[PDB]
Amino acid sequence: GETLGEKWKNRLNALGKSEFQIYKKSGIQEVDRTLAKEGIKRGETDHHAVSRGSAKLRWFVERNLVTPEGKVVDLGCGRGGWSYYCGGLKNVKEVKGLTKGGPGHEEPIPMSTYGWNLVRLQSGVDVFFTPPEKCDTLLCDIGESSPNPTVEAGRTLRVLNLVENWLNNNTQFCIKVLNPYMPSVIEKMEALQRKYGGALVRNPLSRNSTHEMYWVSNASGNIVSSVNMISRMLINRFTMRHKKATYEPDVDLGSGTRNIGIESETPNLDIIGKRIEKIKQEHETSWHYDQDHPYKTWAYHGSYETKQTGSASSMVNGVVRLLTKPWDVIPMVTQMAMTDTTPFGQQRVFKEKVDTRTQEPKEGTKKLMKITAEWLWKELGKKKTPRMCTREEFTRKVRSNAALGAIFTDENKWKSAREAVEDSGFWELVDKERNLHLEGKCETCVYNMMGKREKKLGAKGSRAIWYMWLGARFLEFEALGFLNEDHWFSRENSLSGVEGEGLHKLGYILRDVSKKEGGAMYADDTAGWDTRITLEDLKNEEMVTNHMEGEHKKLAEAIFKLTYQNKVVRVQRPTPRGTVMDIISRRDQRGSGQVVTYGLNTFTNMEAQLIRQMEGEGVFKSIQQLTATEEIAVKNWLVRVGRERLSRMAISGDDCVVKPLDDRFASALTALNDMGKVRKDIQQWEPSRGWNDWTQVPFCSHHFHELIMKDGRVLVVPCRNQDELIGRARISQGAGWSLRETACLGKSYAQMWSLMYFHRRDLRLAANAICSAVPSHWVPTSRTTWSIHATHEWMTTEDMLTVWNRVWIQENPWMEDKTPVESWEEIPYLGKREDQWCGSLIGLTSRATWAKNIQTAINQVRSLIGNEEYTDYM
Ligand SMILES: C[S@@+](CC[C@H](N)C(=O)[O-])C[C@H]1O[C@@H](n2cnc3c(N)ncnc32)[C@H](O)[C@@H]1O
Ligand SMILES: [Zn+2]
Ligand SMILES: [Zn+2]
């Protein structure tokens with residue numbers, strides 16, 4: 001107890017629980033955190049500080065003791081109070097916050113306070129093991145208190161030695177010095193101040209229970225004198241009549257994005273100009289240029305007022321939760337949330353995934369891609385001829401409620417596509433655009449980005465669905481509809497394709513691929529495929545026009561050149577004035593209708609995988625340039641083995657399965673990375689990991705087992721981890737729903753489980769329990785899956801054993817013996833250990849109790865729905 005600070009510490013440790021709680025607040029400045037805490041709990045992301053820290057930092061910033069500017073690095077950001085505060089500061093350009101996550105430590109909170117798009121917070125970082133990087137401002141609020149000041153000195157010195165590695169001559173800084181009164185800390189502080197300047201300043205918002213002082217860059221003052229003055233002040237507050245803490249107002253951190261000047265995109269305004277001006281004239285009443293727009297790699301054209309769309313909410317399907325009670329304690333089931341489709345939820349995803357640039361492929365890569373696409377269009381075009389689809393074909397499609405992409409119908413003029421298509425006024429609008437397309441002009445073909453409502457383990461932000469105007473969708477169908485209409489990507493035509501295949505018969509295809517001689521089976525996922533589509537890809541896909549003539553070639557060239565290679569997009573954004581619709585543009589990336597996307601993603605993925613196959617086989621040595629001899633080699637390889645190399649793949653969209661000639665493919669990565677098709681959750685140059693068991697190969701969110709029947713017949717069945725299936729079934733799409741609509745949704749899940757996951761003990765039990773607890777005549781409602789391969793044969797009131805027989809026996813091409821199954825008892829399960837491996841609770845007492853007492857839970861749901869006609873399926 002030699003220093004004044006140590007004398008304070010002894011006195012502080014001698015206090016009792018109540019005297020300490022009283023002393024802690026005596027005469028200090030305090031922010032009333034109640035409105036922010038409440039607002040944040042309601043899900044409010046604007047205005048509120050995530051902690052007391054924003055006010056603490058503001059106290060220093062307002063006095064010019066620290067001037068945050070340029071790149072700000074915040075060490076131990078916690079919830080992000082200092083980071084979010086800095087985000088709204090004029091001279092700040094970028095905020096990087098690093099914090100240790102996990103138990104006992106605060107996790108970063110997502111906020112939409114002013115300049116949030118310039119702030120990136122990172123959890124799971126021990127800053128003591130982080131490589132220092134360039135910054136203009138270094139903030140640090142690390143220092144855990146302890147009754148032992150020697151322990152505190154050690155902790156403080158560890159922080160001081162850390163901050164030193166991140167400091168240079170021009171660095172602005174605000175560093176917490178937890179224990180500034182210990183002699184070892186004074187000594188290190190003196191050394192640090194001699195080199196970097198600054199001084200130790202006490203914040204009046206600090207509690208008396210701490211002697212923390214901050215090392216701020218713009219202050220001046222003697223360390224010993226400053227520290228002893230705070231010890232004296234802190235010792236005096238012991239015996240001073242409890243003065244209440246002076247209440248300060250909490251900080252208003254505003255709202256909205258910020259523009260820092262990065263604009264990396266040159267639009268072709270001769271191509272996109274008419275489209276922008278039409279939007280601009282239609283919204284003249286609210287049109288403005290927002291100088292704080294967040295777009296970096298997308299050209300910004302202006303904004304207009306719009307009414308907010310999408311939801312952040314998520315409801316539990318009670319019918320399913322009541323009938324799957326052992327899963328209430330499994331986090332991988334319960335932490336399943338719905339995606340945030342609101343303008344903030346969307347903007348967060350845009351920032352992270354969509355506002356990115358893909359590097360231009362090298363000269364050899366470009367040659368490889370052009371040669372392969374030329375060859376591949378000629379292959380697909382052998383037994384098929386490109387044609388124009390018709391208005392009557394399109395009309396038939398909308399009438400029959402068939403598969404069209406995401407479409408907008410002009411809510412004023414027409415409420416539905418059916419209402420529109422049946423009106424001659426709609427086709428007059430189509431003709432005006434058609435005639436403009438015939439003269440290389442585009443005026444209406446603009447995409448409406450809307451958040452995709454998905455179930456994920458979050459809550460996570462939303463992916464974008466690119467809606468087209470029904471007229472823009474017709475012009476696309478007329479020109480490129482033949483790819484889907486005539487099945488160019490069917491397995492018979494494209495040998496890699498799986499177009500028109502139900503999700504249940506995809507395992508039979510993976511089995512036929514495994515029958516080939518070769519290496520392991522590779523199933524690498526691309527990190528955001530649609531954003532990784534270059535202008536090279538778009539120009540190589542356009543080459544299908546070389547197989548077209550006259551009016552059809554001019555119309556398809558308009559879709560490619562004007563609408564795909566020069567996209568105009570409308571996206572929502574939250575602002576201090578309310579929600580706005582932004583007009584933005586991008587030349588590269590995938591932006592087409594959902595159906596044409598599928599085909600062009602299959603084509604380009606078929607082409608990228610053949611190139612990855614040529615690389616592994618050494619058909620070309622370098623991507624920098626392709627020699628005249630390597631061109632002849634690539635063309636001969638394609639002409640000689642191209643078709644059998646296509647037969648080694650199952651290519652859905654961006655989703656692929658490849659059984660190469662050998663495992664040289666695992667490390668054949670230079671062309672893949674250069675094409676921009678970078679693999680997900682793996683270091684760029686780390687070799688791929690394949691599978692030596694086809695039943696373990698992931699494809700279209702499933703793996704597939706071989707299932708031996710009682711009669712010896714073999715089924716190949718779709719399977720997934722059981723928690724993904726239950727977790728998804730237990731979440732209802734949206735908010736505000738009647739029990740009728742919920743029970744019909746759970747019934748769609750139950751019947752999906754009966755047709756596809758019958759081999760899963762817990763799922764066949766839970767599915768029969770839902771169908772018993774839901775009135776038998778009730779029609780199943782809403783989508784169970786987004787899957788383009790989902791057949792939805794479970795969306796019926798027809799006997800599920802009759803449907804099972806039709807799918808698995810009658811219509812199954814890999815089922816030679818057409819003998820129907822007389823009962824569900826005849827249908828098998830996976831082996832008990834196979835089932836347990838894929839997430840089954842079979843063999844647990846809790847699951848046994850659940851199964852034994854399932855009639856109690858069936859009756860509980862029956863009571864909540866009310867006495868109706870029920871059939872027992874148990
Ligand atoms: C006092 S809080 C910061 C308050 C923050 N400035 C705010 O306004 O929200 C310090 C944070 O540092 C974190 N932390 C502690 N040791 C760390 C380490 N080695 N690396 C990174 N963060 C760490 C703690 O989890 C804690 O949330
Ligand atoms: Zn157009
Ligand atoms: Zn399985």
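Please treat every number below as a calculation from the coordinates, not as lab data. A quick note on method: Cβ atoms are made from the backbone with ideal geometry, for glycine too, and the neighbour counts reach across all protein chains shown.
Quick notes on this structure:
- Within the chain, helix-based [θ] at 222 nm, where runs of 4 or more DSSP H residues each add -39,500 (n - 2.57), nearest 500: -11000 deg cm²/dmol
- Gyration tensor analysis over the Cα atoms of region 1-262 returns equivalent ellipsoid semi-axes of 29, 23, 16 Å (largest first, whole Å).
- Phi to ³J(HN,Hα) by Karplus 6.51 cos²θ - 1.76 cosθ + 1.60 over region 165-173, Hz, x for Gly, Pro: 5, 9, 9, 10, 5, 9, 6, 7, 7
- Of the GluC sites (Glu not before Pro) in region 523-621, those whose Cβ has at most 13 other Cβ within 10 Å and which sit in DSSP loop: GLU549
- When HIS437, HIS487, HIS242 are sorted by how many other C-beta atoms sit within 10 angstrom of their C-beta, beginning with the fewest, the order is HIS242, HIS487, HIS437.
- Taken as Cα centroids, region 106-135 and region 532-608 sit 34 Å apart, rounded to the nearest whole angstrom.
- Coarse-grained scattering of region 517-638 at q = 0.09 Å⁻¹, given as base-10 log I(q)/I(0) from a Debye sum over alpha-carbon atoms: -0.39
- Backbone phi angles across region 832-843, fed through the Karplus curve with coefficients 6.51, -1.76 and 1.60 (θ = phi - 60°), yield HN-Hα couplings of 3, 7, 5, 4, 5, 5, 8, x, 5, 9, 3, x Hz in residue order; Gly and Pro are listed as x.
- Counting only residues at least eight positions apart within a chain, or on another chain, the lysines with an alpha carbon under 23 Å from that of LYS37 are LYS24, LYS25, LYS56, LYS100, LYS244, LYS460.
- Anchor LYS415: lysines whose Cα lies under 21 Å away (excluding residues fewer than 8 positions away in-chain): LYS307, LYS397
- Using the Cα coordinates of the chain, the gyration tensor eigenvalues translate into equivalent-ellipsoid semi-axes of 54, 36, 29 Å, sorted from longest to shortest.
- Amide proton proximity set for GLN172, modelled H, under 5 Å, gap of 5+: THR137, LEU138
- Interchain or long-range residues, amide H under 5 Å from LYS452's placed H: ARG463, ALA464, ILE465
- Debye log10 I(q)/I(0) for region 93-162, one point scatterer per Cα, at q = 0.13, 0.22 Å⁻¹: -0.48, -1.14
- Exposure proxy for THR395, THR45: other Cβ atoms within 10 Å of each Cβ, ordered fewest to most, give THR395, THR45.
- The mean sequence distance of close C-alpha pairs (under 8 Å, at least 6 residues apart), as a share of the length of region 1-262, puts its relative contact order at 28 percent.
- Region 268-310: GluC sites (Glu not before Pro) in DSSP coil with no more than 14 other Cβ atoms inside 10 Å: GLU284
- Rounded to the nearest 5, the antiparallel percentage of DSSP beta bridges internal to the chain is 60%.
- Approximate shape of region 810-850 as ellipsoid semi-axes (Cα gyration tensor, √5λ), whole Å, largest first: 30, 13, 7
- Residues whose amide H comes within less than 5 Å of that of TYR214, counting only those at least five positions distant or on another chain, are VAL177, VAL201, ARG202, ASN203 (H built at 1.01 Å from N in the peptide plane).
- Residues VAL398, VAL224, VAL329, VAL320, sorted so that the one with the fewest Cβ neighbours within 10 Å comes first: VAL329, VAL224, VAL398, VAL320
- Per-residue ³J(HN,Hα) for region 101-110, Karplus 6.51 cos²θ - 1.76 cosθ + 1.60, θ = phi - 60°, Hz, x for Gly and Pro: x, x, x, x, 10, 5, 9, x, 10, x
- Per residue convex hull volume, Cα atoms of region 290-401, in Å³: 339 Å³
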